[PDB]
Amino acid sequence: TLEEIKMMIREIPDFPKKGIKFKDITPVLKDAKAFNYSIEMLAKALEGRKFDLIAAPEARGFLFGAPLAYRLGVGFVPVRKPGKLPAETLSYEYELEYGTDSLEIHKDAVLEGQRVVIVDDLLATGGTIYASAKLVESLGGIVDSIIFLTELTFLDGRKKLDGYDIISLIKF
Amino acid sequence: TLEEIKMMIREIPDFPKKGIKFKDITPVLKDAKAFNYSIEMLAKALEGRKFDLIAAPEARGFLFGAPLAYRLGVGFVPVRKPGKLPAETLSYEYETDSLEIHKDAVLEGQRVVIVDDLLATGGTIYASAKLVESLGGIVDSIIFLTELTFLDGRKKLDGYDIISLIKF
Ligand SMILES: [Cl-]
């Protein structure tokens, strides 16, 4: 069944750039049952953990993070690219292959003491997630754990995210 | 109680530019009960309607579109800014910005509900409807958490059934 989800993920050569094989998640999303199952297995992988909020980075993160928040009866916080959030924000820099970029969170998104599960579609290098984790901590939040639908085990995302509990459903 | 949701919608002056008042729905999202209630009301408003899929234009549209699709037991299709979708896309230009959808996102004949957070002028939603129809999908209805009634989005979307929970 997870095997079946895995086989439904479309691999696209050289997107966004040559050397990357992109994991296209849209066929999972458009299939009612596959989408439902994906959310259910994410919830299931979080059993036994204590948390108050889900946070996800824009934009593919939202697609699993927001329904999973709904499914778990918790709140949802978007972590966003610069310029998108209207109110006062905090910003955090992360590494790209040959540069840096930033992500932002609203200053009021997480309260001190709140336990947060960070969700995303895929763990690659882990830069966007690292920045998200640090944004949550800057507000007094604690990162309970980090969950992904898929993980690229050749890219050392786990190493970048040292000290965090990392869960992924499908490991490539 | 929807009155409560409305009071959690923060109004931000001068964003994204001077003289524009922005409706910030992030306080609704971060409150577990408010977020749950918003999704349940959106689903309640769609009761008695016939549809196969939910579509939402990126990315604020995802925030309600995906959980709503999950709640209603249907599939979800993202409509996206150009260069974001990996596979073969169809495209649609509007006054100029552009939106794209996967060639295979929607089957011919499939009935689609389009979801977004807020109805303003209706441009991006108009484009989203045209993209769905480009694939031979049929727009059942279009639903928003909020609608700025002073901006004539309904007129721009003439011919579509428009639902909104909160009217400003
Ligand atoms: Cl209405």
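Residues numbered from 1 in each chain as written, not as in the entry; some residues may be left out. Chains lettered and ligands numbered in written order. Heavy atoms only, no water.

As recorded in the entry header, the structure was determined using X-ray crystallography to a resolution of 1.8400 Å.

Enquirer: Mind showing me how you'd approach the sheet that holds strand β3 (residues 53-57) of chain B here?
Expert: The strands making up a sheet associate through hydrogen bonds between their backbones, and the pairing can be parallel or antiparallel. All names here are of chain B. Here five strands make up an open sheet; going across it, the order is β4-β3-β7-β8-β9 and the pairing parallel. Of all the strands in the sheet, the pair left with one neighbour each is β4 (75-79) and β9 (162-167). When the angles between neighbouring strand axes are averaged without regard to direction, this sheet yields 20°. Against the sheet, helix α3 (residues 32-45) engages β8 (138-147) and β9, with an angle of about 145° to β9. (Pairing = 2+ DSSP bridges. Helix = DSSP H or I, 4+ residues; strand = E, 2+ residues; numbered from the N terminus. Axes fitted to C-alpha atoms, helices over the stretch in contact; angles between N-to-C directions. Contact = heavy atoms within 4.5 Å.)

Enquirer: I tried to follow the packing of aromatic side chains on my own but got confused; where do I start?
Expert: For any pair of aromatic rings, the description consists of the separation of the ring centres together with the inter-plane angle of the planes. Counted by the stated rule, this structure contains five aromatic pairs over all chains. Ring geometry for A:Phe62 against A:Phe76: centres 5.9 Å apart, planes inclined by 85°, an arrangement best described as edge-to-face. Here A:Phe62 is found in helix α4 (residues 60-72), whereas its partner A:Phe76 is found in strand β4 (residues 75-79), with 14 residues between them in sequence. Each member of the pair A:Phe62 and A:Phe76 is classed as buried. The ring of A:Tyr130 is capped by A:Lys160, whose NZ or CZ atom sits 4.5 Å from the centre of that ring. B:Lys156 extends its terminal NZ or CZ atom over the ring of B:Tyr126, reaching a point 4.3 Å from the ring centre. (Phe/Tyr/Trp six-rings, centres within 6.5 Å; stacked < 30°, edge-to-face > 60°. Buried < 20%, exposed > 50% of the residue type's maximum accessible area, 1.4 Å probe, protein only. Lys NZ or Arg CZ within 6 Å of the ring centre and 35° of its normal.)

Enquirer: Which parts of the structure should I look at to understand the packing of α4(A) against α3(B)?
Expert: When two helices pack together, their arrangement is given by the angle between the helix axes and the distance between those axes. At their nearest, the axes of α4(A) and α3(B) sit 9 Å apart, and the two run at 100° to each other. With respect to α3(B), the element α4(A) is oriented roughly perpendicular. Mapping the contact onto sequence places A:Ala66, A:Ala69 and A:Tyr70 in α4(A) and B:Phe35, B:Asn36, B:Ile39 and B:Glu40 in α3(B). The residue makeup of the contact of α4(A) with α3(B), split by class, is five nonpolar, one polar and one charged. (Parallel < 35°, antiparallel > 145°, perpendicular 65-115°, else oblique. Nonpolar A, V, L, I, M, F, W, Y, C, P; charged D, E, K, R; others polar.)

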